[PDB]
Amino acid sequence: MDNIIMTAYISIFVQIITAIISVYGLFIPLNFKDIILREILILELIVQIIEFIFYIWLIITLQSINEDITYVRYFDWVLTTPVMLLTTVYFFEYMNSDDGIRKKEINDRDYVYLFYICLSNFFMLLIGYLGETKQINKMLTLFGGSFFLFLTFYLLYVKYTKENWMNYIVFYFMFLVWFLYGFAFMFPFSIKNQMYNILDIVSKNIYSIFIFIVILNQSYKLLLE
Ligand SMILES: *C/C=C(C)/C=C/C=C(C)/C=C/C1=C(C)CCCC1(C)C
């Protein structure tokens, strides 16, 4: 009980600092080419709001823990993970387009493909939810969920990446961290829930700060006056 709550606190600590940083990042002036980074940072702040509501609920609920509340995290993830995948797409497009691109052009051109990515991701979460609530066995959950995880990342890779080390860092860091949620699924309640508490820091709040640093680095001259 204790170590779950201590990790929830650590996660909440990073979330609050990250939220403050992201808010200031909204007000950094941007050059034409970098406009989409503020768009990304709005959608990472939306993810934070959903994140936080879950954590507050969690630390209140963990006072009188009578049952296994791991499955409640899916009501978070079913909302946050598609948003996270879209921002990843927008960040890859930013990194990889020679001309300035904005999320509207992306969304109007790619909405069908984006729906396939989010459908694959929804199936991953659905299979996890069925396993996490014991409606299918753990082995079927890990194989079915991993299949869809791989499909989601494959679709992302073949459409939006380029073959270079900046892409590999962003893609494979994300891929590994997401896979580690599947790894956590294998563990008993307390250890599982602790891992998810620390994984959220990496999957959400390190991303936001990264985007913040990219914005600051791109705009520092424009900012300074
Ligand atoms: C902000 C929350 C995020 C990024 C959470 C993502 C969760 C996953 C990628 C979970 C995936 C699963 C597997 C890879 C296999 C077992 C079932 C899941 C749902 C735990």
Side-chain angles (χ1 to χ4, degrees), residues 7-8 10-12 14-16 18-19 22 40-58 68-92 114 116-133 135-137 139-157 170-211:
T7 51
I10 294 162
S11 189
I12 285 169
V14 182
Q15 285 172 56
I16 290 161
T18 303
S22 296
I40 294 173
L41 197 56
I42 288 167
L43 297 175
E44 286 297 311
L45 276 168
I46 289 167
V47 165
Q48 283 212 231
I49 295 172
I50 287 159
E51 272 293 285
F52 189 69
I53 295 173
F54 169 79
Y55 274 84
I56 296 317
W57 173 89
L58 177 63
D68 175 347
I69 44 65
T70 313
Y71 75 94
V72 179
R73 298 181 186 273
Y74 285 78
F75 307 145
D76 172 333
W77 300 345
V78 70
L79 299 184
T80 54
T81 62
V83 175
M84 294 172 74
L85 288 163
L86 289 178
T87 56
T88 299
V89 168
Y90 304 150
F91 189 70
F92 276 110
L114 293 176
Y116 295 156
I117 295 179
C118 297
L119 186 61
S120 181
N121 179 75
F122 178 78
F123 287 147
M124 183 196 66
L125 296 175
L126 173 59
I127 292 169
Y129 186 89
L130 297 171
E132 186 59 55
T133 62
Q135 289 216 341
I136 59 181
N137 66 64
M139 199 173 203
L140 172 53
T141 307
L142 285 167
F143 281 114
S146 292
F147 174 85
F148 285 106
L149 182 70
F150 298 161
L151 177 54
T152 293
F153 276 79
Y154 178 74
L155 292 169
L156 172 58
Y157 191 93
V170 178
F171 181 83
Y172 285 105
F173 191 17
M174 261 201 29
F175 189 23
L176 172 56
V177 166
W178 288 43
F179 181 87
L180 285 164
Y181 285 79
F183 187 66
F185 176 93
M186 306 200 305
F187 285 84
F189 175 71
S190 178
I191 291 166
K192 176 167 60 175
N193 270 286
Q194 285 177 67
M195 298 170 164
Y196 290 138
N197 285 351
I198 309 306
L199 285 165
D200 291 343
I201 298 170
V202 184
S203 77
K204 289 167 189 77
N205 310 113
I206 282 178
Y207 196 76
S208 294
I209 295 157
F210 167 68
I211 295 298

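The first residue in the sequence is number 1, and the count goes up from there. The figures here come from the full heavy-atom set of this structure, side chains too, leaving out hydrogens, waters and symmetry mates. We count ligands from 1, going down the list as the structure has it; atoms in each ligand are counted the same way.
- Atoms of ligand 1 lying under 4.0 Å from at least one heavy atom of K204, given by number and element, are 1 (C), 2 (C), 3 (C).
- Between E51 and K204 a salt bridge is recorded (basic side-chain N to carboxylate O distance below 4.0 Å).
- Look at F148 and you'll find every heavy atom at least 4.0 Å from all atoms of ligand 1.
- Side-chain contact of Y181 with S203: a donor-acceptor pair under 3.5 Å is present, judged by distance alone.
- No side-chain N or O of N197 forms a donor-acceptor pair with one of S11 less than 3.5 Å apart.
- With a 4.0 Å heavy-atom cut-off, ligand 1 is reached by no atom of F143.
- Under the 30°/60° scheme for interplanar angles, the aromatic rings of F210 and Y207 are found to be tilted.
- Proximity to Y196 (heavy-atom distance under 4.0 Å) selects the following atoms of ligand 1: 20 (C).
- Using 4.0 Å as the threshold, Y129 has no heavy atom nearer than that to any atom of ligand 1.
- Those atoms of ligand 1 with a heavy atom of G128 less than 4.0 angstrom away are 17 (C), 19 (C).
- Side-chain polar atoms of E44 and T87 form a donor-acceptor pair below 3.5 angstrom.
- Shown here for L45 and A19, the closest heavy-atom pair between the two residues is CD2-O, 4.0 Å.
- Those atoms of ligand 1 with a heavy atom of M84 less than 4.0 angstrom away are 1 (C), 4 (C).
- Relative to atom 14 (C) of ligand 1, the option among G131, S203, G182 with the closest non-hydrogen atom is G182.
- With a 4.0 Å cut-off on non-hydrogen atoms, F147 does not touch ligand 1 at all.
- The part of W77 lying near ligand 1 is the side chain, judged by heavy-atom distances below 4.0 Å.
- Ring orientation note: the planes of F179 and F150 are close to parallel, at an angle under 30° on the 30°/60° scale.
- The distance from ligand 1 to the heavy atoms of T81 drops below 4.0 Å at these ligand atoms: 2 (C), 3 (C), 4 (C), 5 (C), 6 (C).
- Note on ring orientation: taking the six-membered ring where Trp is involved, the planes of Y157 and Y172 are tilted (angle from 30° to 60°).
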